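**Q** Have a look at this one before I ask anything.
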Amino acid sequence: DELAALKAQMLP
Amino acid sequence: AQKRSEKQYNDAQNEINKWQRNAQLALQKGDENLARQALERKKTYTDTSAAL
Amino acid sequence: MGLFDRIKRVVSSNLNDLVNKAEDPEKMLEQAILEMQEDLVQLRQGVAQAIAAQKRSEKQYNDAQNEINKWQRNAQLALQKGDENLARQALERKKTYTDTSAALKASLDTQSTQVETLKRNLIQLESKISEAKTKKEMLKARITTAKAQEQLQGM
Amino acid sequence: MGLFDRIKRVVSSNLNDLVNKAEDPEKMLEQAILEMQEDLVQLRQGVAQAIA
Amino acid sequence: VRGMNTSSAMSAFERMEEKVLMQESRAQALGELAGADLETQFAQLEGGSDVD
Amino acid sequence: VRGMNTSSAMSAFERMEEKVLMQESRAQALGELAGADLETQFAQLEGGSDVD
């Protein structure tokens with residue numbers, strides 16, 4: 001879940 | 001003792017902030033592994049702080 | 001039959017007397033904290049030795065591969081030389097070494113998995129001691145307050 | 001079994017007595033200061049030997 | 001992993017539980033004694049009224 | 001040439017085994033420090049700064 005959150009943050 | 005506990009609590013908050021900064025840095029870095037370590041540290045500290 | 005029952009009762013009485021003397025939390029807690037760290041260090045030392053042993057095995061395995069390569073070069077040289085005897089010695093050496101290397105690799109893989117599990121266990125152990133250290137401070141604060149109350153109660 | 005229980009009590013009593021007796025901030029630090037410097041000198045000697 | 005009596009972790013927990021319960025109970029008992037003395041409580045209330 | 005139970009040959013082999021073992025032991029201790037995320041992160045930060 002943390003990795004997914006990190007991935008979401010990364011895209012912008 | 002209460003003051004020491006407060007100082008420890010303050011230190012924990014500072015430690016959490018430092019961990020958060022590292023997590024923020026990890027996102028900039030783009031390395032998943034760095035981010036994972038920071039998250040684990042934050043959860044245990046928060047629980048300890050609440051108990052204190 | 002009666003004597004055995006009596007011995008148990010005597011033991012229980014003896015145990016009760018002993019615990020009261022050492023009942024206070026602070027003396028026991030400090031000793032326990034020192035002991036767990038020492039135990040962890042011993043475990044770490046053992047783990048380090050195992051890791052070192054694996055490295056040594058890997059080095060030996062690497063050396064064996066290098067030795068095999070050297071033997072292969074000699075075998076190649078023997079063909080150029082045209083002497084059958086030189087070639088025969090090299091071939092025998094290669095076969096035994098390969099078997100040894102395979103055995104070492106299998107042992108290393110099993111060892112590596114154990115080390116990984118040990119590393120995970122070590123991390124958990126490290127987390128536990130830190131939690132215990134935090135608890136003593138909390139324990140100390142409540143205990144001090146209790147002592148103060150007793151003095152207040154007498155008045 | 002009784003002896004083991006007794007040993008823990010003895011160890012705890014001994015440990016408690018020991019920490020109080022030897023806890024001096026100035027004395028411990030001075031000894032530590034001497035020790036680290038000595039260790040550095042030994043390291044320097046090894047470095048010197050390597051240089052030699 | 002065993003968490004046996006000989007191990008340090010098991011011993012610390014049992015001693016702590018008994019001490020914590022006993023300490024809390026003693027504090028509670030003192031509070032009860034204060035409650036019993038109604039006149040003392042009444043005096044405090046009177047003082048508060050006077051302060052107002 | 002033989003590497004026989006001679007006094008000089010035996011000592012060299014034993015010494016050789018000990019140093020290699022010591023290096024491996026040192027590496028294992030070093031590896032644990034290396035494993036921690038913070039040590040690795042600092043090196044990465046330094047490299048980026050150095051390039052700039």
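If you're wondering about the labels, chains in the structure tokens are A, B, ... by order shown, residues count from 1 in each chain, ligands from 1 in order shown.
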For residue 17 in chain E, list every protein, DNA or RNA residue within 12 Å, evaluated using only C-alpha atoms, and leave out those in the same chain fewer than 4 positions away; present the list as a ChimeraX atom specification.
**A** /C:23-25,139 /E:10-13,21-24
**Q** Working over all C-alpha atoms in order, superimpose chain F onto chain E by least squares and state the RMSD in Å.
**A**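 C-alpha RMSD, chain F fitted to chain E: 3.5 Å.
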**Q** Using backbone DSSP assignments, extract all alpha helix (DSSP H) residues from chain E; output them as an mmCIF file with N, CA, C and O atoms, in the first residue's frame.
**A**
```
data_model
loop_
_atom_site.group_PDB
_atom_site.id
_atom_site.type_symbol
_atom_site.label_atom_id
_atom_site.label_comp_id
_atom_site.auth_asym_id
_atom_site.auth_seq_id
_atom_site.Cartn_x
_atom_site.Cartn_y
_atom_site.Cartn_z
ATOM 1 N N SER E 8 15.273 -13.622 30.022
ATOM 2 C CA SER E 8 15.070 -12.320 30.652
ATOM 3 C C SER E 8 13.722 -11.656 30.363
ATOM 4 O O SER E 8 13.139 -11.035 31.249
ATOM 5 N N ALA E 9 13.230 -11.778 29.136
ATOM 6 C CA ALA E 9 11.975 -11.127 28.769
ATOM 7 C C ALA E 9 10.769 -11.601 29.584
ATOM 8 O O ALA E 9 9.952 -10.783 30.004
ATOM 9 N N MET E 10 10.649 -12.906 29.808
ATOM 10 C CA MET E 10 9.521 -13.423 30.581
ATOM 11 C C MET E 10 9.549 -12.935 32.028
ATOM 12 O O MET E 10 8.516 -12.575 32.591
ATOM 13 N N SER E 11 10.738 -12.927 32.621
ATOM 14 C CA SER E 11 10.903 -12.506 34.009
ATOM 15 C C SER E 11 10.534 -11.043 34.230
ATOM 16 O O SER E 11 9.929 -10.694 35.237
ATOM 17 N N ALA E 12 10.914 -10.183 33.294
ATOM 18 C CA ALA E 12 10.621 -8.762 33.421
ATOM 19 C C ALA E 12 9.121 -8.475 33.424
ATOM 20 O O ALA E 12 8.642 -7.655 34.206
ATOM 21 N N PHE E 13 8.383 -9.151 32.548
ATOM 22 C CA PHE E 13 6.942 -8.934 32.443
ATOM 23 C C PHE E 13 6.137 -9.315 33.687
ATOM 24 O O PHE E 13 5.253 -8.566 34.103
ATOM 25 N N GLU E 14 6.432 -10.468 34.282
ATOM 26 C CA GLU E 14 5.691 -10.898 35.467
ATOM 27 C C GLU E 14 5.909 -9.966 36.657
ATOM 28 O O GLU E 14 4.964 -9.633 37.373
ATOM 29 N N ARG E 15 7.153 -9.550 36.869
ATOM 30 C CA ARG E 15 7.472 -8.652 37.974
ATOM 31 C C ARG E 15 6.790 -7.302 37.790
ATOM 32 O O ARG E 15 6.262 -6.724 38.741
ATOM 33 N N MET E 16 6.805 -6.809 36.557
ATOM 34 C CA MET E 16 6.207 -5.520 36.236
ATOM 35 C C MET E 16 4.701 -5.504 36.467
ATOM 36 O O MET E 16 4.158 -4.525 36.980
ATOM 37 N N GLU E 17 4.025 -6.583 36.085
ATOM 38 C CA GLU E 17 2.577 -6.654 36.242
ATOM 39 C C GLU E 17 2.154 -6.593 37.705
ATOM 40 O O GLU E 17 1.212 -5.881 38.053
ATOM 41 N N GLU E 18 2.847 -7.339 38.561
ATOM 42 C CA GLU E 18 2.520 -7.346 39.979
ATOM 43 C C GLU E 18 2.759 -5.979 40.611
ATOM 44 O O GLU E 18 1.940 -5.490 41.388
ATOM 45 N N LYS E 19 3.889 -5.371 40.267
ATOM 46 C CA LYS E 19 4.244 -4.061 40.801
ATOM 47 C C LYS E 19 3.283 -2.968 40.347
ATOM 48 O O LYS E 19 2.886 -2.114 41.139
ATOM 49 N N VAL E 20 2.913 -2.998 39.072
ATOM 50 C CA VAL E 20 2.016 -1.988 38.525
ATOM 51 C C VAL E 20 0.640 -2.032 39.178
ATOM 52 O O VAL E 20 0.077 -0.994 39.523
ATOM 53 N N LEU E 21 0.103 -3.235 39.349
ATOM 54 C CA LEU E 21 -1.204 -3.394 39.971
ATOM 55 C C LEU E 21 -1.178 -2.943 41.426
ATOM 56 O O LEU E 21 -2.091 -2.264 41.894
ATOM 57 N N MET E 22 -0.122 -3.329 42.136
ATOM 58 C CA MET E 22 0.026 -2.971 43.541
ATOM 59 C C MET E 22 0.173 -1.467 43.740
ATOM 60 O O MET E 22 -0.429 -0.891 44.647
ATOM 61 N N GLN E 23 0.975 -0.833 42.889
ATOM 62 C CA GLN E 23 1.198 0.604 42.988
ATOM 63 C C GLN E 23 -0.083 1.389 42.737
ATOM 64 O O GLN E 23 -0.385 2.350 43.446
ATOM 65 N N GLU E 24 -0.835 0.973 41.721
ATOM 66 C CA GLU E 24 -2.087 1.632 41.376
ATOM 67 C C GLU E 24 -3.109 1.487 42.497
ATOM 68 O O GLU E 24 -3.830 2.431 42.822
ATOM 69 N N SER E 25 -3.164 0.297 43.084
ATOM 70 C CA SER E 25 -4.100 0.015 44.165
ATOM 71 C C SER E 25 -3.816 0.883 45.386
ATOM 72 O O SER E 25 -4.741 1.385 46.027
ATOM 73 N N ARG E 26 -2.539 1.060 45.704
ATOM 74 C CA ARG E 26 -2.151 1.869 46.853
ATOM 75 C C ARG E 26 -2.591 3.315 46.661
ATOM 76 O O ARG E 26 -3.084 3.951 47.592
ATOM 77 N N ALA E 27 -2.410 3.828 45.448
ATOM 78 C CA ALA E 27 -2.801 5.197 45.135
ATOM 79 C C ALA E 27 -4.311 5.353 45.270
ATOM 80 O O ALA E 27 -4.800 6.356 45.790
ATOM 81 N N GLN E 28 -5.043 4.350 44.795
ATOM 82 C CA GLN E 28 -6.499 4.358 44.863
ATOM 83 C C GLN E 28 -6.974 4.350 46.311
ATOM 84 O O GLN E 28 -7.940 5.030 46.662
ATOM 85 N N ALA E 29 -6.289 3.578 47.148
ATOM 86 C CA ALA E 29 -6.641 3.474 48.560
ATOM 87 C C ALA E 29 -6.501 4.825 49.253
ATOM 88 O O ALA E 29 -7.334 5.196 50.080
ATOM 89 N N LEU E 30 -5.447 5.561 48.910
ATOM 90 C CA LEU E 30 -5.210 6.877 49.496
ATOM 91 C C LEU E 30 -6.343 7.831 49.127
ATOM 92 O O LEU E 30 -6.796 8.621 49.957
ATOM 93 N N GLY E 31 -6.794 7.754 47.880
ATOM 94 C CA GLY E 31 -7.882 8.588 47.399
ATOM 95 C C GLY E 31 -9.169 8.300 48.150
ATOM 96 O O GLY E 31 -9.930 9.212 48.473
ATOM 97 N N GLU E 32 -9.409 7.021 48.425
ATOM 98 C CA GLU E 32 -10.602 6.593 49.147
ATOM 99 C C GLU E 32 -10.626 7.181 50.555
ATOM 100 O O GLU E 32 -11.677 7.587 51.048
ATOM 101 N N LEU E 33 -9.462 7.223 51.199
ATOM 102 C CA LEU E 33 -9.348 7.771 52.546
ATOM 103 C C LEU E 33 -9.727 9.250 52.551
ATOM 104 O O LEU E 33 -10.401 9.724 53.465
ATOM 105 N N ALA E 34 -9.289 9.976 51.525
ATOM 106 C CA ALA E 34 -9.599 11.396 51.388
ATOM 107 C C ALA E 34 -11.106 11.596 51.230
ATOM 108 O O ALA E 34 -11.683 12.526 51.793
ATOM 109 N N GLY E 35 -11.732 10.712 50.459
ATOM 110 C CA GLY E 35 -13.164 10.752 50.220
ATOM 111 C C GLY E 35 -13.956 10.549 51.499
ATOM 112 O O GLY E 35 -14.994 11.177 51.708
ATOM 113 N N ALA E 36 -13.459 9.663 52.357
ATOM 114 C CA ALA E 36 -14.103 9.349 53.627
ATOM 115 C C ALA E 36 -14.189 10.577 54.533
ATOM 116 O O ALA E 36 -15.185 10.773 55.227
ATOM 117 N N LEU E 38 -15.199 13.743 54.808
ATOM 118 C CA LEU E 38 -16.077 14.725 54.179
ATOM 119 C C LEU E 38 -15.788 16.160 54.612
ATOM 120 O O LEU E 38 -15.862 17.083 53.802
ATOM 121 N N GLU E 39 -15.455 16.344 55.886
ATOM 122 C CA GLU E 39 -15.198 17.679 56.414
ATOM 123 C C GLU E 39 -14.034 18.349 55.694
ATOM 124 O O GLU E 39 -14.091 19.543 55.399
ATOM 125 N N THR E 40 -12.981 17.590 55.408
ATOM 126 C CA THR E 40 -11.832 18.146 54.704
ATOM 127 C C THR E 40 -12.252 18.603 53.307
ATOM 128 O O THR E 40 -11.846 19.667 52.843
ATOM 129 N N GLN E 41 -13.068 17.788 52.646
ATOM 130 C CA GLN E 41 -13.570 18.109 51.314
ATOM 131 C C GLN E 41 -14.447 19.354 51.366
ATOM 132 O O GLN E 41 -14.389 20.209 50.482
ATOM 133 N N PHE E 42 -15.260 19.443 52.414
ATOM 134 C CA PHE E 42 -16.162 20.572 52.604
ATOM 135 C C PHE E 42 -15.384 21.872 52.768
ATOM 136 O O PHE E 42 -15.783 22.914 52.248
ATOM 137 N N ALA E 43 -14.270 21.805 53.490
ATOM 138 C CA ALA E 43 -13.442 22.982 53.726
ATOM 139 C C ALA E 43 -12.898 23.530 52.411
ATOM 140 O O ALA E 43 -12.855 24.744 52.209
ATOM 141 N N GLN E 44 -12.485 22.635 51.517
ATOM 142 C CA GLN E 44 -11.958 23.045 50.221
ATOM 143 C C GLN E 44 -13.039 23.764 49.420
ATOM 144 O O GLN E 44 -12.771 24.772 48.764
ATOM 145 N N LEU E 45 -14.261 23.242 49.477
ATOM 146 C CA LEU E 45 -15.384 23.842 48.767
ATOM 147 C C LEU E 45 -15.665 25.238 49.314
ATOM 148 O O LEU E 45 -15.941 26.169 48.558
ATOM 149 N N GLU E 46 -15.588 25.373 50.635
ATOM 150 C CA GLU E 46 -15.820 26.653 51.292
ATOM 151 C C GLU E 46 -14.767 27.667 50.858
ATOM 152 O O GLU E 46 -15.076 28.836 50.625
ATOM 153 N N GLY E 47 -13.522 27.209 50.751
ATOM 154 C CA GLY E 47 -12.428 28.066 50.334
ATOM 155 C C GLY E 47 -12.647 28.574 48.924
ATOM 156 O O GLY E 47 -12.381 29.738 48.623
ATOM 157 N N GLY E 48 -13.131 27.693 48.051
ATOM 158 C CA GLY E 48 -13.401 28.059 46.673
ATOM 159 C C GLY E 48 -14.478 29.125 46.609
ATOM 160 O O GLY E 48 -14.383 30.071 45.828
ATOM 161 N N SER E 49 -15.508 28.968 47.436
ATOM 162 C CA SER E 49 -16.599 29.932 47.492
ATOM 163 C C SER E 49 -16.072 31.278 47.975
ATOM 164 O O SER E 49 -16.453 32.329 47.456
ATOM 165 N N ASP E 50 -15.192 31.236 48.971
ATOM 166 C CA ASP E 50 -14.592 32.445 49.521
ATOM 167 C C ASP E 50 -13.753 33.144 48.457
ATOM 168 O O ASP E 50 -13.768 34.370 48.348
ATOM 169 N N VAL E 51 -13.023 32.355 47.675
ATOM 170 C CA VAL E 51 -12.186 32.891 46.609
ATOM 171 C C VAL E 51 -13.049 33.591 45.565
ATOM 172 O O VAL E 51 -12.688 34.655 45.061
#
```
**Q** Would you mind reading off the distance between CA of residue 12 in chain C and CA of residue 9 in chain D, one decimal, in Å?
**A**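 These atoms are spaced 16.5 Å apart.
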**Q** Give me the residues within 10 Å of residue 39 in chain B as a PyMOL selection string, counting only C-alpha atoms and dropping any in the same chain fewer than 4 places off.
**A** (chain A and resi 2) or (chain B and resi 16+19-20+22-23+34-35+43-44)
**Q** Rank B:18, B:24, B:29, B:8 by their smallest atom-to-atom distance to residue 42 in chain B, using only C-alpha atoms, and report the top residue only.
**A**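 Smallest distance to residue 42 in chain B is found for B:18.
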**Q** Counting only C-alpha atoms, which residues in chain C sit no more than 10 Å from chain F? For each one, give the nearest pair of atoms and the distance in Å, sorted by chain then residue number, as a tab-separated table.
**A**
```
residue	atom	partner	partner_atom	distance
C:44	CA	F:29	CA	8.5
C:45	CA	F:29	CA	8.3
C:46	CA	F:25	CA	10.0
C:47	CA	F:28	CA	8.2
C:48	CA	F:28	CA	5.0
C:49	CA	F:25	CA	5.9
C:50	CA	F:25	CA	8.6
C:51	CA	F:28	CA	5.8
C:52	CA	F:24	CA	4.3
C:53	CA	F:24	CA	7.3
C:54	CA	F:24	CA	8.6
C:55	CA	F:24	CA	6.2
C:56	CA	F:24	CA	6.8
C:59	CA	F:20	CA	9.4
C:119	CA	F:32	CA	9.1
```
**Q** Could you take the residues named above and write them with N, CA and C atoms, as a CSV table (one decimal), in the first residue's frame?
**A**
```csv
chain,number,residue,atom,x,y,z
C,44,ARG,N,24.7,-12.2,17.2
C,44,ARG,CA,25.3,-11.4,16.1
C,44,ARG,C,26.7,-12.0,15.7
C,45,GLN,N,27.4,-12.3,16.8
C,45,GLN,CA,28.8,-12.8,16.5
C,45,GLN,C,28.7,-14.2,15.8
C,46,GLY,N,27.8,-15.0,16.2
C,46,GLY,CA,27.6,-16.3,15.6
C,46,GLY,C,27.2,-16.1,14.2
C,47,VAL,N,26.3,-15.2,13.9
C,47,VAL,CA,25.8,-14.9,12.6
C,47,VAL,C,26.9,-14.4,11.7
C,48,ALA,N,27.8,-13.5,12.3
C,48,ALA,CA,28.9,-13.0,11.6
C,48,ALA,C,29.9,-14.1,11.2
C,49,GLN,N,30.1,-15.0,12.1
C,49,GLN,CA,31.0,-16.1,11.9
C,49,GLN,C,30.4,-17.0,10.7
C,50,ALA,N,29.1,-17.2,10.8
C,50,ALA,CA,28.4,-18.0,9.7
C,50,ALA,C,28.6,-17.3,8.4
C,51,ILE,N,28.4,-15.9,8.4
C,51,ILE,CA,28.5,-15.1,7.2
C,51,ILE,C,30.0,-15.2,6.7
C,52,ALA,N,30.9,-15.1,7.6
C,52,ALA,CA,32.3,-15.2,7.3
C,52,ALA,C,32.6,-16.6,6.7
C,53,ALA,N,32.0,-17.6,7.2
C,53,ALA,CA,32.2,-19.0,6.8
C,53,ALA,C,31.7,-19.1,5.4
C,54,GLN,N,30.5,-18.5,5.1
C,54,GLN,CA,29.9,-18.5,3.8
C,54,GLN,C,30.9,-17.8,2.8
C,55,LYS,N,31.4,-16.7,3.2
C,55,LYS,CA,32.3,-15.9,2.4
C,55,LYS,C,33.6,-16.8,2.1
C,56,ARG,N,34.1,-17.5,3.1
C,56,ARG,CA,35.2,-18.3,2.9
C,56,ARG,C,34.9,-19.5,2.0
C,59,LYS,N,34.9,-18.0,-1.4
C,59,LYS,CA,36.2,-17.8,-1.8
C,59,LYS,C,36.9,-19.1,-2.3
C,119,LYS,N,18.7,-12.9,9.7
C,119,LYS,CA,18.8,-11.5,9.6
C,119,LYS,C,17.4,-10.9,9.9
```
**Q** When you look at residue 48 in chain B with a cut-off of 10 Å (counting only C-alpha atoms), what residues show up, excluding the ones that are within fewer than 2 positions of it in the same chain? I need them as a list in words.
**A**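 Neighbouring residues, sequence-local ones excluded: residues 9, 12, 43, 44, 45, 46, 50, 51 and 52 of chain B; 131, 134 and 135 of chain C.
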**Q** Pull out every residue of chain D that has at least one atom within 12 Å of chain E, counting only C-alpha atoms, and report them as a VMD selection string.
**A** chain D and resid 1 4 to 5 7 to 9 12
**Q** What's around residue 10 in chain A at 10 Å? Count only C-alpha atoms, leave out sequence neighbours fewer than 4 positions away in its own chain, and write the answer as a ChimeraX atom specification.
**A** /A:4-6 /B:27-30
**Q** Point out the residue among C:109, C:30, C:150, C:137 with the least atom-to-atom distance to chain B, counting only C-alpha atoms.
**A**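 Among the listed residues, C:137 lies closest to chain B.
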**Q** Would you give me, as a short mmCIF file (atom, residue, chain, number, x, y, z; two decimals) with C-alpha atoms, in the first residue's frame, the residues of chain D that come within 7 Å of chain C, using only C-alpha atoms?
**A**
```cif
data_model
loop_
_atom_site.label_atom_id
_atom_site.label_comp_id
_atom_site.auth_asym_id
_atom_site.auth_seq_id
_atom_site.Cartn_x
_atom_site.Cartn_y
_atom_site.Cartn_z
CA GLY D 2 15.83 -22.74 43.78
CA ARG D 6 18.51 -17.10 44.03
CA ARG D 9 18.17 -12.04 42.94
CA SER D 12 20.08 -7.98 40.53
CA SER D 13 21.29 -6.88 43.95
CA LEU D 15 24.03 -5.02 39.59
CA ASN D 16 22.09 -2.37 41.51
#
```
**Q** Between CA of residue 66 in chain C and CA of residue 87 in chain C, what distance in Å does the model show, to one decimal?
**A** 17.9 Å
**Q** Any chance you could tabulate, as a tab-separated table, the residues of chain C at most 12 Å from chain B with each one's nearest atom pair and distance in Å to one decimal, using only C-alpha atoms, in chain and rising number order?
**A**
```
residue	atom	partner	partner_atom	distance
C:127	CA	B:44	CA	9.7
C:128	CA	B:44	CA	11.3
C:130	CA	B:44	CA	10.8
C:131	CA	B:48	CA	8.6
C:132	CA	B:48	CA	11.4
C:133	CA	B:48	CA	11.7
C:134	CA	B:48	CA	8.4
C:135	CA	B:48	CA	9.5
C:136	CA	B:5	CA	11.0
C:137	CA	B:5	CA	7.4
C:138	CA	B:52	CA	7.3
C:139	CA	B:1	CA	10.3
C:140	CA	B:1	CA	7.7
C:141	CA	B:1	CA	5.8
C:142	CA	B:1	CA	9.4
C:143	CA	B:1	CA	10.6
C:144	CA	B:1	CA	8.6
C:145	CA	B:1	CA	9.9
```
**Q** For C-alpha atoms, I'd like the residues from the last selection saved as a compact mmCIF listing (two decimals), in the first residue's frame.
**A**
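Wrote again.txt, looks like this:
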```txt
# COMPACT_ATOMS: atom_id res chain seq x y z
CA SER C 127 13.04 -3.87 17.71
CA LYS C 128 12.06 -5.70 20.91
CA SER C 130 14.22 -0.82 22.07
CA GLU C 131 10.60 -1.22 23.15
CA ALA C 132 11.72 -2.63 26.50
CA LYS C 133 14.04 0.33 27.08
CA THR C 134 11.15 2.76 26.55
CA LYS C 135 9.01 0.81 29.03
CA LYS C 136 11.45 1.27 31.93
CA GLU C 137 11.10 5.05 31.79
CA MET C 138 7.31 4.71 31.84
CA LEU C 139 7.61 2.17 34.66
CA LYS C 140 9.89 4.47 36.63
CA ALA C 141 7.45 7.40 36.51
CA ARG C 142 4.47 5.45 37.88
CA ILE C 143 6.61 3.84 40.58
CA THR C 144 7.97 7.16 41.83
CA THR C 145 4.45 8.54 42.18
```
